[PDB]
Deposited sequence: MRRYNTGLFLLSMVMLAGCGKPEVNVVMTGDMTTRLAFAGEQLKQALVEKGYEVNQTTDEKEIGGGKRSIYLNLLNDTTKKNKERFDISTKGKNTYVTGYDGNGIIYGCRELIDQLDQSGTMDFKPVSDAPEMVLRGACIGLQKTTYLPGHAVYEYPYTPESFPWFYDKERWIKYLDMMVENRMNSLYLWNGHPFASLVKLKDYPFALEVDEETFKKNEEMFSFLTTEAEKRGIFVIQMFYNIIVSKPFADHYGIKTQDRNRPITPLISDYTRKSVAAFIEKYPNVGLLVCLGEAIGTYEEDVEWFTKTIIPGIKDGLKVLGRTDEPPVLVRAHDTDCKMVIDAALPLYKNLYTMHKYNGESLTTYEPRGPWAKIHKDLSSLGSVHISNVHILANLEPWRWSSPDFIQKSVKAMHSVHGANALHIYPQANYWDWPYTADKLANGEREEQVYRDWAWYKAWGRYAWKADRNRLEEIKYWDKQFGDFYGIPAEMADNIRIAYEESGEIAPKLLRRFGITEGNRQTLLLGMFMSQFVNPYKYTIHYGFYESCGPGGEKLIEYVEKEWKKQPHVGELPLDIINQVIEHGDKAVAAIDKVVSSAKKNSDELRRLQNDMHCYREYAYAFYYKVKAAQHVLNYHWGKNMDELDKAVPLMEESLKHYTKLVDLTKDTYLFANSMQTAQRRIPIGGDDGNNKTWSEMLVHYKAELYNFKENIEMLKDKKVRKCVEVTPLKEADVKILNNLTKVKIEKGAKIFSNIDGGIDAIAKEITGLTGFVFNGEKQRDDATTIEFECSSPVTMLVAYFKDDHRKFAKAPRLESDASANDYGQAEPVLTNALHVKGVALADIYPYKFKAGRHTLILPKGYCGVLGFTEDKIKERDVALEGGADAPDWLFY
């Protein structure tokens, strides 16, 4: 019936290609003969490294013989995948000749050895590889399925993300106490890495271990009496020695595993980033290479995240020639296929290096947790990666629920968990398909996807087009709403839980970073900008917020109308199609809730500009209508989803704090949005009746009784006070709240070199007040930023308490951030650069813009 003949370099990839083709043919009812005149397929593997024929194959046919030429091991695998895809798309062994190669050179996905919350005993990102934490990591069948799916999608790279993996994977003779796992687990970890590298290698998959810096093991830390990580802590010879030896041990022991380096998030300055990479990491890699007898420099991947790419690559290239770069596609979200602005320039500059620049589709904060997999949106995004960013490689996150691998957020009957590889098959398949080839005729793609959805649900392709419509209409909702109304593309925000009125009418209170609105889609106006231009009779430019809410309710209505027609048809995976229908109804109720809230926010902003109280009367029924839609969203999610956000800690700030896993469900959020309307109505009632509103009674904070342990110079905080010993000017404006506190005097120069360490004890909870200056000069310590520093809320400091609150003559204006402590003995290192420590109080601090009457006072 069918002969399969393998010819050439008898490699593991050639042998895998052959087994795959044989299984595919017997699953179609053919008898297969294997060896190394009736129907024959010839698998020919050549030898050439010609970076040009990488992963290339040719298929030709002559009579009843088919010839597959693979230019390398990956080429012969992909040649066999093309025969199998032909056998699937028609039933016949009549093969079409094809010469093909992928457009992007690395095409891959990540799994996080990460959890929804911190491991008891450990800081952020820290999780030893153990079966207690990750039993799925030790499941060989689950690994085979994952790697088989990667081959089907022609993905050639797998990334494991972990804080400090080395202490689970290597033993150091100078630091034997560093090991974070018991001996039996250490043996299981060695066994799994051996299984994973072997299974991946025969499939043409490069395994890459990602790590954060600077992080040391819990037992190494405990032995030396230091912290596992501290962002502002200097580099020390001890921590450098431990990391260099760890990295060298890893290269020696797992010689085919790549490294993805994050120069963060526990490194305080760009100068320390360069020093760590060039003097600790790169020498550790060369140590391991020297030990193996390697003369080549295998690629090292470096994230642009939380560093200065240009300093880093410029300093590193003389020391190590083979560096790949990685940078987020749309920050930690998916917002646009028309990216632009300063962030597009950073991608273009990294692509300029003429090497491999990897587009990272990172975290997908704005899509969590509902189904998302728009072929159109994904195709257009890969076209943008090429045309706007210059990227030639792709790294994708899971579609949702990254922190909770291997499960989705779906709540099934009786505690059952849904697998991400099951639910999100079309996400992986779409990113793989467009990474292979971006330019594909859209009508032919619709027919391809109609058959994929039809086959999965057992529905004719024509009928299944309504599934494709549902994905492509609903797919535009979260991207559009985030880029037009969002606070951030970071997972600091969970878009699909909604937003407060305050976040619509006073968005800059919640800290919007330069770059987001300027990069993450077409140029346009915020709601506050649109309403200001209405009142000032100024022309409108670009994407308008009222246009976007109209578009999103239309997307919502069309997705529901499409999925409702087909949901009853499914002959397979019927429960899954009912969940997709439920997700489309969720997206529609979300879209209408958002529409009415934006309309309400426009009237509240009309009140701000005109002070016509009839504007507040119109806001109420729109808010009520928004709440009717949000109540329906609760009814749709309360039995169907465990939660929205997979990151379930105090690093989540928008719409409200996610501290200790609170505020992660629509049910929880509805309580807040009901209280927001109730409050609004009470405030309007008081305005009508009494023409009064609540405002802050401004009083000095009482100084707390604190003992300073590290010999700081004290100063009374008042007009005239010199908080910088190295400059001539004193405080020349100050919030009354701060006057009379006892702060400190520092040398701004010493602050640039050494950072600022405060050590103190308190017999009750205190807040320490820190001044960060509103000046872009690198001499100033930077205010806490959760998007580039997971530790930026460890003291409750992520948000300022008093804005525009301090001025020092010859310096700048400052905002005041709260650092909160329980009773105890404390040591804090603040970021390098000029900053002020103004004192301590046990008092409740009332938030205030000292420069003022913002339009959101009505929701307090």
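- Several segments of the deposited sequence have no coordinates for C-alpha: 1 to 22, 59 to 65, 882 to 885, numbered from the first residue.
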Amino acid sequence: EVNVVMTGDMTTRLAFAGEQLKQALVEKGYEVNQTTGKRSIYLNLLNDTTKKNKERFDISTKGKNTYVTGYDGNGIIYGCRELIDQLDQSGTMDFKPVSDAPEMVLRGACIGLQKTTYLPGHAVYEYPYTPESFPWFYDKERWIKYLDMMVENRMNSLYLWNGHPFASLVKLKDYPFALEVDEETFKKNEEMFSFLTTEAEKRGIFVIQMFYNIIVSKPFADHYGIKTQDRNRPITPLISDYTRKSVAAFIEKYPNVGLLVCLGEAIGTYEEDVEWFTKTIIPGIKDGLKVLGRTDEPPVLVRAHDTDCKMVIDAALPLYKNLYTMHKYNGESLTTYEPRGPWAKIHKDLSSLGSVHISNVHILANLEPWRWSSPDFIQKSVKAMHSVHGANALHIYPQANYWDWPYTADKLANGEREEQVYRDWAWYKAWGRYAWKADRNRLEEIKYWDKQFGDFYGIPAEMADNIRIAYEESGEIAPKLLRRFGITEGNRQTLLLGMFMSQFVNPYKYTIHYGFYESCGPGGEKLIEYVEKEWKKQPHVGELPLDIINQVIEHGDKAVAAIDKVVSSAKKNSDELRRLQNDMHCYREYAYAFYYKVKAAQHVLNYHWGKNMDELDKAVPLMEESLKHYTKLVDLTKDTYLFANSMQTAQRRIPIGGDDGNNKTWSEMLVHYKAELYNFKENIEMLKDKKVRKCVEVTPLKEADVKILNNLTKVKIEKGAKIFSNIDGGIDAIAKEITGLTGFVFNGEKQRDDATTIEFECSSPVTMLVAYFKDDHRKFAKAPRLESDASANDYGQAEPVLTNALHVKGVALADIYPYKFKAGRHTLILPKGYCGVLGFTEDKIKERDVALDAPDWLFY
From here on, numbers count along this sequence of modelled residues.
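- Averaged over CA atoms, B-factors in the entry run higher in 7 to 15 than in the other of 7 to 15 and 832 to 840.
- The mean Cα B-factor in the deposited entry runs higher for 85 to 93 than for the other of 317 to 325 and 85 to 93.
- Considering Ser791, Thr50, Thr803, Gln797 together, the PDB entry gives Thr50 the largest C-alpha B factor.
- Taking only the listed residues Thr295, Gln581, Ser646, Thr336, the entry reports the highest CA temperature factor at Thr295.
- Per the PDB record, residue ranking by Cα B-factor puts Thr280 in the middle third of the chain.
- For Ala123, the recorded CA temperature factor ranks within the middle third of the chain's modelled residues.
- When all modelled residues of the chain are sorted by CA temperature factor, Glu685 is found within the highest third.
- Placement of the Cα temperature factor of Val291 within the chain: highest third of the modelled residues, per the deposited record.
- Ranked by C-alpha B-factor against the other modelled residues of its chain, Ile656 falls in the lowest third.
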